[PDB]
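Here's the structure, in structure tokens; my notes come after.
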Amino acid sequence: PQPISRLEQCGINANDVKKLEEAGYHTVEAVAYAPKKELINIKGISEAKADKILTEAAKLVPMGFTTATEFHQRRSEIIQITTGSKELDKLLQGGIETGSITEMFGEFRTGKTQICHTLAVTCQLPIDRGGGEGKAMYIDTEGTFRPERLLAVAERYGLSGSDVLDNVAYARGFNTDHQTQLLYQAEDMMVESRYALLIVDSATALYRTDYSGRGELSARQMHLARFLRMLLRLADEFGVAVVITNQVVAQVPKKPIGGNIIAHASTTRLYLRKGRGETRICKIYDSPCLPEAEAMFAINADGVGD
Amino acid sequence: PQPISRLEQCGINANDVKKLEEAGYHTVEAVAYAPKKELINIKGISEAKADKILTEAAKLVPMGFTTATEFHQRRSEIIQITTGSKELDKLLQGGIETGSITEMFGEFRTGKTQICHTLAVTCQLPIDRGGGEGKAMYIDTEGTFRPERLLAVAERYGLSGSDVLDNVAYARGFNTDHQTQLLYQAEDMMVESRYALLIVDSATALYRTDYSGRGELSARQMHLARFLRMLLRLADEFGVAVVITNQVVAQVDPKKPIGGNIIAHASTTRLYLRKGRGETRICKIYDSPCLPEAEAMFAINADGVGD
Amino acid sequence: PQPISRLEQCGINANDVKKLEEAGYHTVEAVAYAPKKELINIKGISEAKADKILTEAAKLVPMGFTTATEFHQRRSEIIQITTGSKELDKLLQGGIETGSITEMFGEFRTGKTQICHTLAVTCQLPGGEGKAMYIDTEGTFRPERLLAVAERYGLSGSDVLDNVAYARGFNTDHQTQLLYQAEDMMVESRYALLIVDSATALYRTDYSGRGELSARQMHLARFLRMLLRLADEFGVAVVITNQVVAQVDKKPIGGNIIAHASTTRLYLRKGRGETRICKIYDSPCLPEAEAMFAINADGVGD
DNA sequence: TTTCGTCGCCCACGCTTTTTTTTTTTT
Ligand SMILES: Nc1ncnc2c1ncn2[C@@H]1O[C@H](COP(=O)(O)OP(=O)(O)NP(=O)(O)O)[C@@H](O)[C@H]1O
Ligand SMILES: Nc1ncnc2c1ncn2[C@@H]1O[C@H](COP(=O)(O)OP(=O)(O)NP(=O)(O)O)[C@@H](O)[C@H]1O
Ligand SMILES: Nc1ncnc2c1ncn2[C@@H]1O[C@H](COP(=O)(O)OP(=O)(O)NP(=O)(O)O)[C@@H](O)[C@H]1O
Ligand SMILES: [Mg+2]
Ligand SMILES: [Mg+2]
Ligand SMILES: [Mg+2]
């Protein structure tokens, strides 16, 4: 995550760097990942200047066929934040993978928010316990953030109550556009420190409301595609683990409320089901590296256990 | 908290403010909540000055990344409107919470409207009962709004009828769009006043007959979702606690709340009420992000919810 | 009851009013209380006209909210037709509450049906009401019972007891139009109450079959939605009646449809001899108890 | 030293939504 000032020393002046920063490119990776057609619509950058900055950005960010034994080593070195439950972290063959998107969908009262709250504390656990030793981004679009759960999880894990709530940074999206701006601000502020997680609670819930009718289906899917592409860019350029949450719909018998856009974009999906009492069930979905099966986890006072 | 007028103090000419208010944006926070898609939809407001409506309003609200310590400090500010029972209080850990939606569902005679009446009384009461201050907003379609029960509940709490029944409203229109329109109007009603509880009992009772048959289900569910979302906006913007009771359907494949998968997610708290013995009922916390899976027996009496 | 000439003299002056009257939902309260979908299939296709009529006919008793004391006073002067017995002066808190939706069950054709051929004591007494109804789904209405009951009190008149009580209904799709057209004479003259004898008694006589049960339940939901609309708009006390099912797992026909579309339901049981013990059920402001009724050849009371 | 002319050419698809609804007594 090299800051945007890295290319400032090489060619690009301060004015252009400021224009990029106000555009939303707070890192060299964000500039390098964007196409040439996107570094043109932002005023203040010429076409030749755009090609120049693209060349300089590509000088540091690795692209193309370079080496893949190193990438296999990197995949073996994936952080794999643990869920906190012995069956959820085993069904996922380690837990939530980092650098990808882990959508979880269920009917209701299925433990999606409970899992997010547990992960917001477990991402601060060292690699010995399973985590990333970093902060926790919490984009919460339902007003469903209860720090008491985080304190309970921390006291279960024997961590300081003040530390976990100091690490966790919280923001609430009020619409889809504001969700995108919140994502941009998160990208801006994720370079100043290390963030081991990024939670988008009900990543597609305001889409169900803001876009009404069939006439807005294409625009809604395009906006959701842009949002998921931005989330993927955050996942690669930062190495964070994005655990987004999805709702469910009935086939007029359940299916995630996102179309094929979110089905393809989401690297992993989890189907959460209500079991008996406090226990629930989790099933893998659309995971290219995981089998299809079920799990067995419970919602205790200490987040998610068994 | 603050009026819409501040927007025209920032440098937008009053005609644009009146156009924004005509669409329903009776507060600066409300217009900030809506995205640019809902701002371009206002007639006479194009993409021009849209930034002057978005970022100028956003400069007056946080709309950013706080810390969890600050949110936990704000968590003490919550009023936590209190019920009438001590066991029920232990169930909800102090009572229903401020700025959230509680949906209570069950069969007939499960104490729903009694809970609504008692909660509105505690909202029209000092902090000693559990609610800070504010009027009680009623939105009745099922028809159980009998001010006889309001008068009866007023005797136990020792409040004169002049200052309680004149402080509570009523809904006359039995239409799905009527509740949304009346809540948009209650927005401007409450921006000039203070409110603590907002009750919409027939949250999904209207949709059982308004949209009948498979084929019209989708439009019904988009309508319900839009109503729920603007209800959540109203709850958050003014820190009001919302109650929305629900009906049940028997699974013929055994009672399930109606309008599922749309009201299930939106309702941040769900209370499942069962009939017990005599007149006592049992309230179980169906859905909650903080409260456990507990059950509390209460006994509706003349005083109120009772225990 | 607001049959004001404003409904036709407003900005809308065209065939739209006559289309609305012919569609079966007339009077102004058929507009501001009706969804937009109903104003689609009616003859005359204009979505702009829907909101035009809505704007021009939403100017009624406060619909842009109100205060609860304004109609709390209105329901302090409410009729509240007292029951035809002096034993229920403690229970029921007076009489049959007007503007509510009371439900009776426990019997098939006797019992609660007798409670249809009685009461109206407040109607006879002071002015006053002097009005009563009768609807049916599968019933055996007998006006001689009304004659005998009125003769018990000081209401000795004969013709005044007639020309009000409907006595029709055998098949659901037959009395669909009956409950549609009730308003056609309900607004011409003011009116007190409305019993629906054997209402939605056994829909499985015609609306029968698995898979069909859902459509049946939608039909009942529509019917009591209209019934609630009429009860609240005209300020009348409606009495729905059903029959038991003998649970094999003491409940009435209707399931969760009429269960969530009533106000003051109350079970009717059998006592000793002519004693018809009348227990109570869900009610916003009535403590649970059991009443004591009696039926005799003269009528219901004692 | 002199003195302007003269139009042609089409491309190219995107996007799912949404649950309802209880009968029925034997011996
Ligand atoms: N302290 C606690 N102890 C035990 N269980 C709890 C506790 N707090 C919450 N729960 C359980 O967690 C459930 C809610 O889980 P949640 O993660 O909010 O579901 P969800 O699928 O996110 N629902 P929604 O967000 O409305 O779509 C509750 O209904 C309880 O069963
Ligand atoms: N006008 C009336 N006056 C007095 N008694 C009446 C009158 N009408 C009906 N009854 C009584 O009601 C009785 C009906 O039989 P009952 O023993 O109640 O049958 P049930 O099976 O208990 N009732 P149901 O549930 O309607 O089938 C008659 O036989 C009479 O005793
Ligand atoms: N004074 C009282 N004393 C004791 N219990 C009471 C009293 N008033 C009301 N109750 C009880 O509280 C219940 C509240 O029911 P209510 O909340 O009206 O159900 P509902 O689901 O809204 N009705 P419906 O429209 O038929 O589905 C009553 O039915 C009684 O059981
Ligand atoms: Mg959950
Ligand atoms: Mg109730
Ligand atoms: Mg009968």
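Note that chain C carries Swiss-Prot numbering, so the residues on display, from first to last, are 22-147, 152-274, 284-336.
For this deposited structure, the header notes the method as electron microscopy, 2.9 Å.
Even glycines carry a Cβ here, placed using N, Cα and C.
Taken from Swiss-Prot, the feature domain 'HhH' covers C:48-77. Annotated phosphotyrosine per Swiss-Prot: C:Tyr54, in sequence order, evidence recorded as similarity to another entry. Summarising the annotation, Swiss-Prot assigns ubiquitin cross-link to C:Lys58, C:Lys64. The feature motif 'Nuclear export signal' is assigned by Swiss-Prot to C:245-260, with similarity to another entry given as support. The phosphothreonine annotation in Swiss-Prot covers C:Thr309, and the record cites similarity to another entry as its basis.
Overlay of Swiss-Prot feature records on the structure.
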residue  : record               : Cβ neighbours (10 Å)
C:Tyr54  : phosphotyrosine      : 19
C:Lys58  : ubiquitin cross-link : 15
C:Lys64  : ubiquitin cross-link : 11
C:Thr309 : phosphothreonine     : 14
Against chain B, in sequence order - recorded positions C:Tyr54, C:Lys64, C:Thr309 with Cβ under 8 Å: C:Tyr54
Integer Cα-Cα distance in angstrom, C:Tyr54 (phosphotyrosine) to C:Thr309 (phosphothreonine): 43
Nearest-integer angstrom distance between the alpha carbons (Cα) of C:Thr309 (phosphothreonine) and C:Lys58 (ubiquitin cross-link): 49
DSSP-derived helix, strand and coil totals, residue by residue, for the motif 'Nuclear export signal' (C:245-260): 15 helix, 0 strand, 1 coil
Rounded Cα separation (Å) that holds between C:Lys64 (ubiquitin cross-link) and C:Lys58 (ubiquitin cross-link): 13
